[PDB]
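First, one chain by itself in structure tokens, the form deposited without the named molecule.
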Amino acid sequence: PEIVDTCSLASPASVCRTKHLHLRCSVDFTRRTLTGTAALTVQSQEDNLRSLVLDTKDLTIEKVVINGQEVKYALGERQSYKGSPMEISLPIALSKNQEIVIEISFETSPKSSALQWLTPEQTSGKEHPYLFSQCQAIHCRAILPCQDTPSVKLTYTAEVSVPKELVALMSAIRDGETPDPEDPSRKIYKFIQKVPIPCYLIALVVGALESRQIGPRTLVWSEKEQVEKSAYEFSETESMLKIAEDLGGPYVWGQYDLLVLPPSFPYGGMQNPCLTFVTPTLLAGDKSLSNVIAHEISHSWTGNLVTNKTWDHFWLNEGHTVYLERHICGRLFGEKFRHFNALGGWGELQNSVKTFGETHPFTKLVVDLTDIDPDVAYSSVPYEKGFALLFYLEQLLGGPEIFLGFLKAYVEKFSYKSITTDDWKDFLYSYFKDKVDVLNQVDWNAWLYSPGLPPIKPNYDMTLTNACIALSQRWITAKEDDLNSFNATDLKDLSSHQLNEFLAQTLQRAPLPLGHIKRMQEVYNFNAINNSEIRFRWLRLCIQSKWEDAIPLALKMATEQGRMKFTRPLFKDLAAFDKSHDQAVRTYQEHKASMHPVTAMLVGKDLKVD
């Protein structure tokens, strides 16, 4: 039973396993480099082990020390996005289970795909620079040498030297700060992560950060101009943690802090232990985009405790998290709301499948990432087709209470481990042994390995969705002489979530006549809404409907923030519209150097530049 991580070039967990990382580095904003030592405590899993391989990507290695002496190592040739393998020759052959510590002196490249360095002008304060990391899926190797596979979990401690006036934070518990003995103009911040974690959860942020407490175990962090708004936006955080604990078991990470990043953060959120990273585009002003916090909170169980063994099994991480996420929202706002969000999710799955094509490999729940950059394959499929499967199993097996019992047992069963889809399925069959006849009715091969929409769509309560579909259909079937019928009162009884779903429904049938779009702005004044999800869909609707007035608005949103979910589709819509094509390409070219490296790369591919 052998499964290898095709995205890693390091020795596999069957050969050796990293148990701990002690990181000592200094952040050099002048050179845009992280410099230090990564001391890995490694345990041999084999007899007579004399060498091992680590993943690296654009790292400059100065030396490798074991037992106080330098040893031979060699960097192989780069393998595109996978980076360069680093083979280290051990001074003494190791016995099985023997542990040694290997200290590697390294320096990162300013072009590290794991990092984004921001000048003072790119921050809210305008006086200090800012640095932030994002390692998922395989960018940790672009920060430090390591076995960059989620099949290996390690604890870590770190000491980070940063300019005196800045603050460093990591996905660990803060363990103090002090002046830097070898440079009085610096501070050394210490950190400790006692719970084993896959390396993609290692995180670092350095900047002029301030904090505010918003719950018994939660501090919100951001630059000063965002603290008050963030504290209010995420005030439901503690109640969500409490519901999540009831669903998945105890929260074992100690603290649950939030860090609101600069606009270029590529994701809505990233589940870094002890410190969730979130996009500032969540600051809608009314806590309406809080499902993203519910999502990152859920990862503290599904993803961080029970982890996908390789990225081919990413749906395990995301499907279960979306499932727990929607239950948190269900508890907080009602079962009908969980169904509304669930049905919306199906809508997003439809969109993804239509975008890649119904036979495209990336629409499969379990994908083969051999030779595929995880960033290119990344989409809503593992999230929504994964959720769809669990939702279908829930309805098949007896309801939410029964399936939630399986999810808690699942987490408990695989805590602190890395598993595959087969491990999950075996446990599902084990847990529901008395309902195998029912389980044996699901078309596993289609659900897990076939492209396109799932072979079966679950049942969804339609209560909250009905008004959205009805208003969307009125607009789609409307002819010119019906436009006068629409009025701002149409939106009277719609929540922001329904307004968003109304636009999502309409966007699925875009383009609409340009005259309908102008009328929509005239009566609903969508241009005034700053809720990013609604503005995002409204602008795509305008652009795909060929409304030139929307060009500057779409360009502005595409560049002023960098959440991939919004930036990529906007640039793509703008490129597809002939009136804006040249300007979209030109705007990308000009912003490219100061964008997040992964986002820059993906928009480059989307627009077919270079």
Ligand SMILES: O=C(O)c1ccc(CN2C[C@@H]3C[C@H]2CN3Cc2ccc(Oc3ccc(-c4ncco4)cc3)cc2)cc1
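The numbering used is simple: start at 1 and walk along the sequence shown.
- As the entry records it, the average C-alpha temperature factor is higher for 64-72, out of 64-72 and 34-42.
- Per-stretch averaging of Cα B factors for 372-380 and 158-166 places 158-166 on top.
- Looking only at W444, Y251, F403, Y416, the residue with the top Cα B factor in the deposited structure is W444.
- Residues shown: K111, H295, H497, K385. Highest C-alpha temperature factor in the entry: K111.
- The PDB entry assigns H596 a C-alpha temperature factor belonging to the middle third of its chain's modelled residues.
- Ranked by Cα temperature factor within the chain, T307 sits in the lowest third according to the deposited record.
- When all modelled residues of the chain are sorted by CA temperature factor, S485 is found within the highest third.
- In this PDB entry, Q98 carries a Cα temperature factor that places it within the middle third of its chain's modelled residues.
- The deposited CA B-factor of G398 belongs to the highest third of values across its chain.
There is another form of this protein, the form solved in complex with the named molecule, and it is not shown here; the text below is about that form.
- The partner is absent here, but in the entry with it bound a heavy atom of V367, alone among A208, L390, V367, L512, sits within 4.5 Å of the named molecule.
- Contact annotation: of the candidates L283, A137, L464, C146, the single residue with a non-hydrogen atom within 4.5 angstroms of the named molecule in the entry with it bound is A137.
- In the entry with it bound, no heavy atom of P196 sits within 4.5 Å of the named molecule.
- Using a 4.5 angstroms limit between non-hydrogen atoms, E296 touches the named molecule in the entry with it bound.
- Of the heavy atoms in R32, none are within 4.5 Å of the named molecule in the entry with it bound.
- The closest non-hydrogen atom of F191 lies beyond 4.5 Å of the named molecule in the entry with it bound.
- Partner contacts here mean any heavy atom within 4.5 Å of the named molecule in the entry with it bound, and among 514-522, 119-127, 254-262, 376-384 they occur only in 376-384.
- Scanning 528-566 for heavy atoms within 4.5 Å of the named molecule in the entry with it bound gives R563, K565 in sequence order.
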